[PDB]
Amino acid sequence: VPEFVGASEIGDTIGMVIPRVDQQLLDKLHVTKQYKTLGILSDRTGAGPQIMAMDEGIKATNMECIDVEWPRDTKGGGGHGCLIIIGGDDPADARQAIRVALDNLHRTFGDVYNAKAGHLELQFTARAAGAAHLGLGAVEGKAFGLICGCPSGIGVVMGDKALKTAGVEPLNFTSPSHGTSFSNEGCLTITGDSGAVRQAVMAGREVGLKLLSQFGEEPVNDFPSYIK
């Protein structure tokens, strides 16, 4: 299948490119701006990791992030899956964006921590781009941190701790009934100076791990942490 670019067991994430999408279909897609060439990154488990991976693909190419959608998923876990549509005019440039996103999954899963009772997710970049902006509300060109815990109360405490660690600016706070697809996540997003943003993410991680462990299992990442 010419549309197939690659598929990864990480999050059950598949990447595809439609070189010239049918106009009647395009007309029904909820995109910020229409383009003839579309890349598609679609996964069962994760939204932050795939969104941050796609941000590297946008930085590497001329593609634009035109839709981020939010399945309530993770195959029985508390989180989201994800659908990301990017738009451009060159199928080659789309394929390269999708390949770069797929080759960043092992990194952006590095601070996802899982346990039987729930999970934590952390993300950080010193310079957000268009996927982080559309998907997570990041301010493009500026530092960005994502601090998430499930069950969602843990995220509320992670958020409080992170804000009290350095003078970072809160962007939003999403929760089961506001700004998620009824996930069981409490997620603070932040901006500010890159060092402080990193400080605040790491503080939220530490208290998240302590809280989630209280169910009796050390939360585990399947790939090495990238936030340090």
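When you see a residue number, it is the position in the sequence shown, counting from 1.
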property	result
180 to 188 set against 28 to 36, stretch whose average Cα temperature factor tops the other in the entry	28 to 36
Residue stretch of maximal mean CA temperature factor, 136 to 144 vs 97 to 105	136 to 144
Given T45, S42, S175, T165, the residue at which the Cα B factor reaches its maximum	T165
CA B-factor placement of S194, once the chain's modelled residues are sorted into thirds	highest
Chain thirds of CA B-factor: placement of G149	lowest
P170 CA temperature factor, ranked by third within the chain	highest
Ranked against its chain, the third holding the CA B-factor of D89	highest
Within-chain third of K116 by Cα B-factor, per the entry	highest
